[PDB]
$ cat run25.txt   # compact mmCIF, C-alpha atoms and all ligand atoms
# COMPACT_ATOMS: atom_id res chain seq x y z
CA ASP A 1 -0.50 -50.89 10.01
CA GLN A 2 -0.07 -50.85 6.23
CA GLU A 3 2.06 -47.72 6.51
CA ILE A 4 4.33 -49.32 9.11
CA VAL A 5 4.76 -52.50 7.09
CA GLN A 6 5.48 -50.58 3.88
CA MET A 7 7.83 -48.41 5.91
CA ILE A 8 9.91 -51.20 7.44
CA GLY A 9 10.46 -53.11 4.20
CA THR A 10 8.55 -54.90 1.46
CA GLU A 11 10.76 -57.98 1.18
CA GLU A 12 8.97 -61.21 2.05
CA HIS A 13 11.34 -62.15 4.87
CA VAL A 14 10.85 -58.65 6.30
CA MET A 15 7.10 -59.16 6.69
CA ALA A 16 7.78 -62.67 7.96
CA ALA A 17 9.98 -61.28 10.73
CA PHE A 18 7.65 -58.37 11.48
CA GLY A 19 4.45 -60.44 11.74
CA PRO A 20 4.78 -61.33 15.45
CA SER A 21 4.99 -57.64 16.37
CA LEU A 22 1.77 -56.94 14.47
CA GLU A 23 0.06 -59.89 16.14
CA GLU A 24 1.21 -58.60 19.53
CA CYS A 25 -0.09 -55.10 18.86
CA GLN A 26 -3.42 -56.51 17.66
CA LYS A 27 -3.60 -58.57 20.86
CA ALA A 28 -4.01 -55.31 22.72
CA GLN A 29 -6.79 -53.06 21.46
CA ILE A 30 -4.51 -50.15 20.53
CA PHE A 31 -5.73 -48.66 17.25
CA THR A 32 -5.64 -44.92 18.06
CA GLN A 33 -2.81 -42.52 18.85
CA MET A 34 -4.69 -41.66 22.04
CA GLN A 35 -4.75 -45.28 23.22
CA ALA A 36 -1.05 -45.83 22.59
CA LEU A 37 -0.17 -42.53 24.25
CA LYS A 38 -2.23 -43.58 27.28
CA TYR A 39 -0.41 -46.93 27.36
CA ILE A 40 2.98 -45.22 27.19
CA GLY A 41 2.03 -42.74 29.91
CA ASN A 42 1.03 -45.66 32.11
CA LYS A 43 4.40 -47.26 31.37
CA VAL A 44 6.23 -43.98 31.98
CA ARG A 45 7.41 -43.44 35.53
CA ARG A 46 7.36 -40.24 37.57
CA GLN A 47 11.14 -39.80 37.43
CA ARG A 48 10.49 -36.52 39.04
CA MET A 49 13.36 -34.15 38.41
CA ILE B 1 -17.54 -61.05 -7.27
CA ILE B 2 -16.24 -57.54 -7.95
CA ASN B 3 -12.97 -57.37 -9.89
CA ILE B 4 -12.23 -53.72 -9.04
CA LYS B 5 -12.94 -53.62 -5.27
CA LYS B 6 -10.69 -56.58 -4.47
CA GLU B 7 -8.35 -56.90 -1.52
CA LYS B 8 -4.74 -55.87 -2.11
CA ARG B 9 -1.45 -57.69 -2.41
CA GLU B 10 1.53 -56.04 -0.74
CA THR B 11 3.55 -55.73 -3.96
CA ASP B 12 1.97 -52.84 -5.85
CA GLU B 13 3.30 -53.96 -9.24
CA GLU B 14 1.71 -57.36 -8.47
CA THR B 15 -1.40 -56.08 -6.67
CA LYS B 16 -3.68 -58.46 -8.61
CA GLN B 17 -3.52 -61.46 -6.29
CA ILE B 18 -5.90 -63.56 -8.40
CA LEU B 19 -5.98 -63.83 -12.19
CA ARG B 20 -8.92 -64.04 -14.57
CA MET B 21 -7.80 -67.57 -15.48
CA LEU B 22 8.97 -54.65 -14.58
CA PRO B 23 11.57 -52.45 -16.28
CA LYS B 24 12.85 -49.22 -14.77
CA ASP B 25 12.77 -46.39 -17.28
CA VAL B 26 15.10 -43.47 -17.96
CA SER B 27 14.23 -39.91 -19.00
CA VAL B 28 15.11 -40.60 -22.63
CA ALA B 29 12.94 -43.73 -22.63
CA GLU B 30 10.18 -41.99 -20.66
CA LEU B 31 9.87 -38.98 -22.94
CA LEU B 32 10.35 -41.12 -26.05
CA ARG B 33 7.47 -43.45 -25.16
CA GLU B 34 5.19 -40.65 -23.98
CA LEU B 35 5.75 -38.57 -27.13
CA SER B 36 6.42 -40.90 -30.06
CA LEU B 37 4.32 -43.97 -29.24
CA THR B 38 1.62 -41.97 -27.43
CA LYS B 39 0.12 -38.62 -28.39
CA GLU B 40 -1.88 -38.37 -25.16
CA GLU B 41 -0.94 -35.55 -22.80
CA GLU B 42 0.37 -36.65 -19.40
CA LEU B 43 0.72 -35.06 -15.95
CA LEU B 44 4.24 -34.90 -14.54
CA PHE B 45 5.58 -33.72 -11.19
CA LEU B 46 9.15 -32.44 -10.94
CA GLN B 47 11.39 -31.06 -8.20
CA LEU B 48 13.45 -28.10 -9.39
CA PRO B 49 16.58 -26.94 -7.57
CA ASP B 50 16.14 -24.52 -4.70
CA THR B 51 16.94 -21.41 -6.76
CA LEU B 52 16.53 -20.77 -10.48
CA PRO B 53 19.19 -19.06 -12.67
CA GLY B 54 17.49 -15.67 -12.62
CA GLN B 55 16.69 -12.67 -10.49
CA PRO B 56 13.22 -11.80 -9.16
CA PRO B 57 11.96 -9.16 -11.62
CA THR B 58 11.28 -6.04 -9.50
CA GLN B 59 9.93 -8.34 -6.75
CA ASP B 60 11.96 -6.64 -3.98
CA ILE B 61 14.56 -9.43 -4.39
CA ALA B 62 20.76 -10.25 -1.98
CA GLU B 63 20.65 -13.30 -4.27
CA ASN B 64 17.49 -14.47 -2.53
CA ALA B 65 15.31 -17.43 -3.49
CA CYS B 66 14.50 -17.06 -7.17
CA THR B 67 11.85 -19.78 -7.42
CA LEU B 68 9.40 -20.76 -10.12
CA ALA B 69 6.76 -18.42 -8.67
CA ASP B 70 8.78 -15.24 -9.16
CA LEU B 71 9.12 -15.84 -12.90
CA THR B 72 6.59 -14.85 -15.56
CA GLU B 73 4.52 -16.59 -18.21
CA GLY B 74 5.74 -17.59 -21.66
CA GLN B 75 8.54 -19.86 -22.76
CA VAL B 76 10.87 -20.40 -19.82
CA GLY B 77 13.18 -23.28 -20.75
CA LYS B 78 14.31 -25.79 -23.33
CA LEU B 79 14.53 -29.56 -22.91
CA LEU B 80 17.14 -31.46 -24.93
CA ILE B 81 17.26 -35.23 -25.35
CA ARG B 82 20.88 -35.95 -26.24
CA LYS B 83 22.34 -39.12 -27.71
CA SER B 84 23.33 -42.09 -25.53
CA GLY B 85 20.29 -41.45 -23.34
CA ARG B 86 21.56 -38.17 -21.90
CA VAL B 87 18.79 -35.68 -21.11
CA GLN B 88 19.41 -32.03 -20.19
CA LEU B 89 17.39 -28.87 -19.55
CA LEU B 90 18.92 -25.72 -21.03
CA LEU B 91 17.47 -22.90 -18.92
CA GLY B 92 19.19 -20.01 -20.68
CA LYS B 93 22.95 -20.07 -20.21
CA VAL B 94 22.97 -22.93 -17.68
CA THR B 95 22.14 -26.59 -18.35
CA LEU B 96 20.41 -28.55 -15.59
CA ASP B 97 20.32 -32.36 -15.52
CA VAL B 98 17.00 -34.22 -15.27
CA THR B 99 16.69 -37.64 -13.65
CA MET B 100 14.07 -40.12 -12.51
CA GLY B 101 12.76 -39.53 -9.03
CA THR B 102 11.77 -42.42 -6.86
CA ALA B 103 9.01 -44.40 -8.59
CA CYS B 104 6.00 -43.94 -6.35
CA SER B 105 3.47 -46.74 -6.80
CA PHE B 106 0.68 -45.29 -4.65
CA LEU B 107 -2.05 -42.85 -5.64
CA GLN B 108 -0.97 -39.25 -6.31
CA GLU B 109 -3.80 -37.08 -7.62
CA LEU B 110 -3.22 -33.44 -8.59
CA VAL B 111 -6.18 -31.37 -7.42
CA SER B 112 -7.16 -27.73 -7.82
CA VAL B 113 -8.63 -25.81 -4.89
CA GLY B 114 -10.56 -22.96 -6.47
CA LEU B 115 -11.73 -20.63 -3.70
CA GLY B 116 -14.50 -19.05 -5.75
CA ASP B 117 -16.20 -17.64 -2.66
CA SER B 118 -14.99 -16.85 0.85
CA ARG B 119 -16.80 -19.95 2.16
CA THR B 120 -16.91 -21.98 -1.07
CA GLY B 121 -14.19 -23.81 -2.96
CA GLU B 122 -14.01 -25.93 -6.08
CA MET B 123 -12.07 -29.15 -5.45
CA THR B 124 -10.96 -29.89 -9.01
CA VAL B 125 -9.04 -33.11 -9.52
CA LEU B 126 -6.86 -32.69 -12.60
CA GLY B 127 -5.17 -36.06 -13.10
CA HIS B 128 -3.06 -38.79 -11.62
CA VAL B 129 0.68 -38.39 -11.08
CA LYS B 130 2.60 -41.31 -12.58
CA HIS B 131 6.26 -40.23 -12.73
CA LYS B 132 8.41 -37.87 -10.68
CA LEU B 133 11.36 -35.90 -12.04
CA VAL B 134 14.40 -34.35 -10.37
CA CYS B 135 16.32 -31.37 -11.75
CA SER B 136 19.78 -30.58 -10.45
CA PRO B 137 22.55 -28.27 -11.65
CA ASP B 138 25.47 -29.87 -13.47
CA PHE B 139 27.96 -28.68 -10.87
CA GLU B 140 30.79 -30.35 -12.78
CA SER B 141 30.09 -28.09 -15.76
CA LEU B 142 30.03 -25.03 -13.51
CA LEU B 143 33.34 -26.00 -11.91
CA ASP B 144 35.33 -26.89 -15.03
CA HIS B 145 33.85 -23.75 -16.58
CA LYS B 146 35.94 -21.78 -14.07
CA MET C 1 0.37 -63.26 3.75
CA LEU C 2 -0.12 -59.96 5.59
CA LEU C 3 -3.26 -58.44 4.09
CA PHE C 4 -4.22 -54.86 4.90
CA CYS C 5 -7.59 -53.16 4.71
CA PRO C 6 -7.92 -50.94 1.62
CA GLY C 7 -10.66 -49.03 3.43
CA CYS C 8 -8.50 -47.78 6.30
CA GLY C 9 -5.04 -49.35 5.99
CA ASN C 10 -5.17 -51.62 9.04
CA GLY C 11 -4.07 -55.24 9.12
CA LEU C 12 -6.75 -57.66 7.95
CA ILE C 13 -7.22 -60.85 9.97
CA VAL C 14 -8.80 -64.22 9.21
CA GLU C 15 -12.17 -65.19 10.66
CA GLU C 16 -15.22 -67.32 9.94
CA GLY C 17 -18.48 -65.79 8.77
CA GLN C 18 -21.87 -67.20 7.79
CA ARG C 19 -21.49 -68.21 4.13
CA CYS C 20 -17.73 -68.83 4.27
CA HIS C 21 -14.55 -67.60 5.94
CA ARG C 22 -13.69 -63.94 5.49
CA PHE C 23 -10.81 -61.56 5.92
CA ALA C 24 -12.01 -58.88 8.31
CA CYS C 25 -10.86 -55.53 9.67
CA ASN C 26 -10.92 -54.80 13.39
CA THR C 27 -11.75 -51.10 12.89
CA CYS C 28 -14.13 -50.88 9.91
CA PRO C 29 -16.80 -53.19 8.46
CA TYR C 30 -14.68 -54.02 5.40
CA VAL C 31 -14.76 -57.79 4.90
CA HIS C 32 -13.79 -60.03 2.00
CA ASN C 33 -15.32 -63.49 1.66
CA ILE C 34 -12.75 -66.12 0.73
CA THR C 35 -14.32 -67.17 -2.57
CA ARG C 36 -11.78 -69.90 -3.36
CA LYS C 37 -8.53 -71.39 -2.10
CA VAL C 38 -5.71 -69.10 -0.99
CA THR C 39 -2.21 -70.38 -0.24
CA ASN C 40 0.90 -68.89 1.34
CA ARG C 41 3.95 -71.07 0.70
CA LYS C 42 6.99 -70.53 2.92
CA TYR C 43 9.54 -72.83 1.23
CA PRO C 44 11.71 -73.17 4.37
CA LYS C 45 15.37 -73.91 3.71
CA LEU C 46 16.20 -77.59 4.09
CA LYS C 47 19.20 -79.39 5.59
CA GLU C 48 21.14 -79.76 2.35
CA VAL C 49 24.65 -80.61 3.49
CA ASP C 50 25.86 -83.77 5.25
CA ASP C 51 29.54 -83.08 6.07
CA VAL C 52 31.35 -86.30 6.87
CA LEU C 53 34.75 -85.49 8.35
CA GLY C 54 38.27 -86.88 8.66
CA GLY C 55 40.02 -85.24 5.71
CA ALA C 56 43.51 -83.81 5.27
CA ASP D 1 25.64 -36.35 -28.73
CA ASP D 2 23.44 -33.58 -30.10
CA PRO D 3 19.86 -33.07 -28.88
CA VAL D 4 18.84 -35.66 -31.44
CA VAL D 5 15.10 -35.56 -30.73
CA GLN D 6 12.34 -33.32 -29.36
CA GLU D 7 13.69 -29.90 -28.57
CA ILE D 8 10.74 -29.25 -26.26
CA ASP D 9 9.33 -25.85 -25.37
CA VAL D 10 8.70 -25.26 -21.67
CA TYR D 11 6.16 -22.69 -20.48
CA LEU D 12 5.14 -21.27 -17.11
CA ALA D 13 1.54 -20.73 -16.01
CA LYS D 14 0.03 -18.78 -13.12
CA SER D 15 -3.74 -19.22 -13.59
CA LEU D 16 -3.85 -21.76 -10.73
CA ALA D 17 -0.63 -20.83 -8.91
CA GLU D 18 -2.51 -20.17 -5.65
CA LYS D 19 -5.23 -22.77 -6.31
CA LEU D 20 -3.03 -25.85 -6.81
CA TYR D 21 -2.64 -28.56 -4.17
CA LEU D 22 -1.04 -31.99 -4.55
CA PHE D 23 -2.89 -34.72 -2.65
CA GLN D 24 -1.28 -38.14 -2.21
CA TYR D 25 -2.57 -41.14 -0.28
CA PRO D 26 0.38 -43.20 1.00
CA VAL D 27 -1.93 -46.12 1.85
CA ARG D 28 -3.80 -46.25 -1.46
CA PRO D 29 -2.12 -47.83 -4.51
CA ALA D 30 -2.45 -46.00 -7.81
CA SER D 31 -4.51 -48.94 -9.10
CA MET D 32 -7.61 -47.86 -7.17
CA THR D 33 -9.04 -44.36 -7.57
CA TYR D 34 -11.48 -42.23 -5.58
CA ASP D 35 -13.24 -41.24 -8.82
CA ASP D 36 -16.06 -43.70 -8.05
CA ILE D 37 -16.60 -42.86 -4.38
CA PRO D 38 -19.12 -40.00 -4.01
CA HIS D 39 -17.61 -37.53 -1.57
CA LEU D 40 -19.68 -35.81 1.10
CA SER D 41 -17.70 -32.95 2.63
CA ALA D 42 -14.35 -31.18 2.44
CA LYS D 43 -13.23 -28.93 5.30
CA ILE D 44 -10.11 -26.80 4.85
CA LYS D 45 -8.18 -24.19 6.77
CA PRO D 46 -6.41 -22.11 4.09
ZN ZN E 1 -10.50 -51.34 7.73

$ encode --input "run25.txt" --output "structure tokens"
Amino acid sequence: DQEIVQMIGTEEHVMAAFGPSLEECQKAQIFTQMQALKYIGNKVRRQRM
Amino acid sequence: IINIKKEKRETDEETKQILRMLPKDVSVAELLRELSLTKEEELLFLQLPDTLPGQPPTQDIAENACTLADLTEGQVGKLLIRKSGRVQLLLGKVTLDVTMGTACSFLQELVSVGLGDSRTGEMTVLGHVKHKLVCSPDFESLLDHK
Amino acid sequence: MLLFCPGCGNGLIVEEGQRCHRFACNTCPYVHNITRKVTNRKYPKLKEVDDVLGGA
Amino acid sequence: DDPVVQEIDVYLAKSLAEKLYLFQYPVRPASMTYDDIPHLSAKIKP
């Protein structure tokens, strides 16, 4: 998360605005690329072409 | 309580959240402070232009990429600190311009990977990287030259 | 203020331990006991102006 | 605006040309160093 916060912006209001997103992501137990990829795949529909 | 294993503040220049109770430099200032005030040798990291003003010496070349690797040992360039803070790098006939890179505040350590054996290697940290330099051709000089 | 774990770079959270309250990481055992007071002022902007009306 | 100070010689080296890697930790401020943490293993694919 430190990378993402550094990478969005280091101004105080920036972290203030971005805090709810971090709280939301910590609400779920996503801490690994595998977990988030699984979550996305669940949220991705079979728009079969 | 341990003073060196503390938690971090977001601002790197103000990392020390709790107490025991910054200027932005230019090449002329940087080299002046690191030579005159301090005699200690320092590790720098610089980005050269894509191609150097030379030709690969019998390296099977087409004006291909003449990088730092293709050159040889010995004196290779001259660094001139001009008045009014101007800093240049005379590299023979051409004069590159040297500037501050982005001031990285995180940890950059220059290591050596000495593959002494096929399955053994010497990880040799050499020193921290404090400043980053950028070298670019003075295209204005090249243009008004011709 | 948003504190991040030096051990692994994740966002530290606040919790209560046994001796005192600690900042803790949800991925690694890095914890930091809150040894003394810590504050995070916001200084929200106030309602400065009043703006009576009826001018020309 | 002459080169008023420190006409500096610049040299090239090749002793560690193939042995030199630059490691940077984006998450670790330069304040803290890994010089005190005893390392255990280092696996590399050249
Ligand atoms: Zn952690």

$ interface_residues --input "run25.txt" --of "chain D" --to "chain A" --cutoff "12 Å" --atoms "all atoms listed in the file" --output "MDAnalysis selection string"
chainID D and resid 25:29

$ residues_near_point --input "run25.txt" --point "(23.4, -25.2, -21.7)" --cutoff "12 Å" --atoms "only C-alpha atoms" --output "list in words"
residues 53, 77, 78, 79, 80, 82, 87, 88, 89, 90, 91, 92, 93, 94, 95, 96, 97, 137, 138, 141, 142 and 145 of chain B; 2 and 3 of chain D

$ write_last_selection --input "run25.txt" --atoms "C-alpha atoms" --output "PDB file, in the coordinates of the input"
ATOM      1  CA  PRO B  53      19.190 -19.060 -12.670  1.00  0.00           C
ATOM      2  CA  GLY B  77      13.180 -23.280 -20.750  1.00  0.00           C
ATOM      3  CA  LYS B  78      14.310 -25.790 -23.330  1.00  0.00           C
ATOM      4  CA  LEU B  79      14.530 -29.560 -22.910  1.00  0.00           C
ATOM      5  CA  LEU B  80      17.140 -31.460 -24.930  1.00  0.00           C
ATOM      6  CA  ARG B  82      20.880 -35.950 -26.240  1.00  0.00           C
ATOM      7  CA  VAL B  87      18.790 -35.680 -21.110  1.00  0.00           C
ATOM      8  CA  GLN B  88      19.410 -32.030 -20.190  1.00  0.00           C
ATOM      9  CA  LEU B  89      17.390 -28.870 -19.550  1.00  0.00           C
ATOM     10  CA  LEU B  90      18.920 -25.720 -21.030  1.00  0.00           C
ATOM     11  CA  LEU B  91      17.470 -22.900 -18.920  1.00  0.00           C
ATOM     12  CA  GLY B  92      19.190 -20.010 -20.680  1.00  0.00           C
ATOM     13  CA  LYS B  93      22.950 -20.070 -20.210  1.00  0.00           C
ATOM     14  CA  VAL B  94      22.970 -22.930 -17.680  1.00  0.00           C
ATOM     15  CA  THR B  95      22.140 -26.590 -18.350  1.00  0.00           C
ATOM     16  CA  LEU B  96      20.410 -28.550 -15.590  1.00  0.00           C
ATOM     17  CA  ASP B  97      20.320 -32.360 -15.520  1.00  0.00           C
ATOM     18  CA  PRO B 137      22.550 -28.270 -11.650  1.00  0.00           C
ATOM     19  CA  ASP B 138      25.470 -29.870 -13.470  1.00  0.00           C
ATOM     20  CA  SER B 141      30.090 -28.090 -15.760  1.00  0.00           C
ATOM     21  CA  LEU B 142      30.030 -25.030 -13.510  1.00  0.00           C
ATOM     22  CA  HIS B 145      33.850 -23.750 -16.580  1.00  0.00           C
TER      23      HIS B 145
ATOM     24  CA  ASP D   2      23.440 -33.580 -30.100  1.00  0.00           C
ATOM     25  CA  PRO D   3      19.860 -33.070 -28.880  1.00  0.00           C
TER      26      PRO D   3
END

$ interface_residues --input "run25.txt" --of "chain B" --to "chain D" --cutoff "8 Å" --atoms "only C-alpha atoms" --output "count of residues only"
28

$ residues_near_point --input "run25.txt" --point "(12.0, -40.1, -24.4)" --cutoff "10 Å" --atoms "only C-alpha atoms" --output "ChimeraX atom specification"
/B:25-37,81-82,85,87 /D:5-6

$ write_last_selection --input "run25.txt" --atoms "C-alpha atoms" --output "compact mmCIF listing (two decimals), keeping the file's coordinate frame"
# COMPACT_ATOMS: atom_id res chain seq x y z
CA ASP B 25 12.77 -46.39 -17.28
CA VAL B 26 15.10 -43.47 -17.96
CA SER B 27 14.23 -39.91 -19.00
CA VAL B 28 15.11 -40.60 -22.63
CA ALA B 29 12.94 -43.73 -22.63
CA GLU B 30 10.18 -41.99 -20.66
CA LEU B 31 9.87 -38.98 -22.94
CA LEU B 32 10.35 -41.12 -26.05
CA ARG B 33 7.47 -43.45 -25.16
CA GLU B 34 5.19 -40.65 -23.98
CA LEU B 35 5.75 -38.57 -27.13
CA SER B 36 6.42 -40.90 -30.06
CA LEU B 37 4.32 -43.97 -29.24
CA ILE B 81 17.26 -35.23 -25.35
CA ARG B 82 20.88 -35.95 -26.24
CA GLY B 85 20.29 -41.45 -23.34
CA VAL B 87 18.79 -35.68 -21.11
CA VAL D 5 15.10 -35.56 -30.73
CA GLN D 6 12.34 -33.32 -29.36

$ residues_near_ligand --input "run25.txt" --ligand "ligand ZN 1 (chain E)" --cutoff "7 Å" --atoms "only C-alpha atoms and all ligand atoms" --output "list in words"
residues 5, 6, 7, 8, 9, 10, 25, 26, 27, 28, 29 and 30 of chain C

$ closest_atom_pairs --input "run25.txt" --of "chain C" --to "chain B" --cutoff "9 Å" --atoms "all atoms listed in the file" --output "CSV"
residue,atom,partner,partner_atom,distance
C:1,CA,B:9,CA,8.5
C:2,CA,B:10,CA,7.6
C:3,CA,B:9,CA,6.8
C:4,CA,B:8,CA,7.1
C:5,CA,B:7,CA,7.3
C:6,CA,B:7,CA,6.8
C:32,CA,B:7,CA,7.2
C:35,CA,B:1,CA,8.4

$ residues_around --input "run25.txt" --residues "segment 16-33 of chain A" --least-positions-apart "2" --cutoff "8 Å" --atoms "only C-alpha atoms" --output "mmCIF file with C-alpha atoms, keeping the file's coordinate frame"
data_model
loop_
_atom_site.group_PDB
_atom_site.id
_atom_site.type_symbol
_atom_site.label_atom_id
_atom_site.label_comp_id
_atom_site.auth_asym_id
_atom_site.auth_seq_id
_atom_site.Cartn_x
_atom_site.Cartn_y
_atom_site.Cartn_z
ATOM 1 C CA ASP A 1 -0.500 -50.890 10.010
ATOM 2 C CA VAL A 5 4.760 -52.500 7.090
ATOM 3 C CA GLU A 12 8.970 -61.210 2.050
ATOM 4 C CA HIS A 13 11.340 -62.150 4.870
ATOM 5 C CA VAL A 14 10.850 -58.650 6.300
ATOM 6 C CA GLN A 35 -4.750 -45.280 23.220
ATOM 7 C CA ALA A 36 -1.050 -45.830 22.590
ATOM 8 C CA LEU A 37 -0.170 -42.530 24.250
ATOM 9 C CA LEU C 2 -0.120 -59.960 5.590
ATOM 10 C CA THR C 27 -11.750 -51.100 12.890
#

$ atom_distance --input "run25.txt" --atom1 "atom CA of residue 140 of chain B" --atom2 "atom CA of residue 57 of chain B"
28.4 Å

$ atom_distance --input "run25.txt" --atom1 "atom CA of residue 49 of chain B" --atom2 "atom CA of residue 135 of chain B"
6.1 Å

$ atom_distance --input "run25.txt" --atom1 "atom CA of residue 134 of chain B" --atom2 "atom CA of residue 48 of chain B"
6.4 Å

$ residues_around --input "run25.txt" --residues "residue 51 of chain B" --least-positions-apart "2" --cutoff "6 Å" --atoms "all atoms listed in the file" --output "number ranges by chain"
B: 49, 65-67

$ residues_around --input "run25.txt" --residues "residue 16 of chain C" --least-positions-apart "5" --cutoff "10 Å" --atoms "only C-alpha atoms" --output "ChimeraX atom specification"
/C:21-24,33-34
